[PDB]
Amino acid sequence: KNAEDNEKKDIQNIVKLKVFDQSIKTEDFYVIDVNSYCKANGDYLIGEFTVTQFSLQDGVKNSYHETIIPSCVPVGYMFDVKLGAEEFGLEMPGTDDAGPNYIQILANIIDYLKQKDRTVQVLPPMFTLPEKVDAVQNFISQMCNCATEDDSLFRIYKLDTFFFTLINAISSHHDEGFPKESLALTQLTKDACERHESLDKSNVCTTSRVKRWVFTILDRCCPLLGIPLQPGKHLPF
């Protein structure tokens, strides 16, 4: 994990400089979460994901959400597929074979991440809770075969490490922030989409899941910079 120090030095590198050049309130950061039906044949059977864009100043700008109904159930994994569908409110495989547009989806993602007026071939990170890293890297990898494309394009980084570093760099007073990284995971553990809102919960929604993550970090990070937590932007409504 000598390369997970790299992830750590990467996350610091981004954050320190953007506060160092006094632009951190407006920089755009990206969070991702996924739902998996099951984990079939070495790969995760992805059923939903959301990538959402926020800045400290404006809060959540928007998000990119899709529900994925694979054509079919892997053989050997019916119970497993039914369980996740069950947990996550996902529909079962094969509905008109309104099939996974994976060639397209990498490209919608790649369009979503791309920075206005950047002069390098480099996409922002997406940050997710530590548990969801294997799933979300796998998803990314699955798509890169349907286009011969590469993993390396993407950095799939841990959100707690982000919260920790962002807050502690914008902290000023000693009373502010997290002494240990633990507190961040712990705070993101402390605290939708139309279908799920139609399914009452709308609690296992990756749009939901991902949005509650950002609200707590905005919650602790915004006032350190004197930013009103506007509802429907930093707060709900």
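The first residue of the shown sequence is 1; numbering continues from there.
Gap between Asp175 and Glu176: none; every deposited residue in this span has coordinates.
Between 88-96 and 127-135, it is 88-96 that carries the larger average Cα temperature factor according to the deposited entry. Legend: mean Cα B-factor per stretch from the PDB entry, 31-39 versus 193-201; the higher mean is in 193-201. Highest CA B-factor among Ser141, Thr161, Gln104, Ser71, as stated in the entry: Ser71.
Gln22 sits in the lowest third of its chain by CA B factor, as recorded in the PDB entry. Compared with the other modelled residues of the chain, the Cα B-factor recorded for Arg212 ranks in the middle third. In the PDB entry, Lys114 places in the middle third of its chain by CA B-factor. Among the modelled residues of its chain, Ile227 has a C-alpha B-factor that falls in the highest third according to the deposited record. In this PDB entry, the Cα temperature factor of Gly47 sits in the bottom third of its chain's modelled residues, the lowest group.
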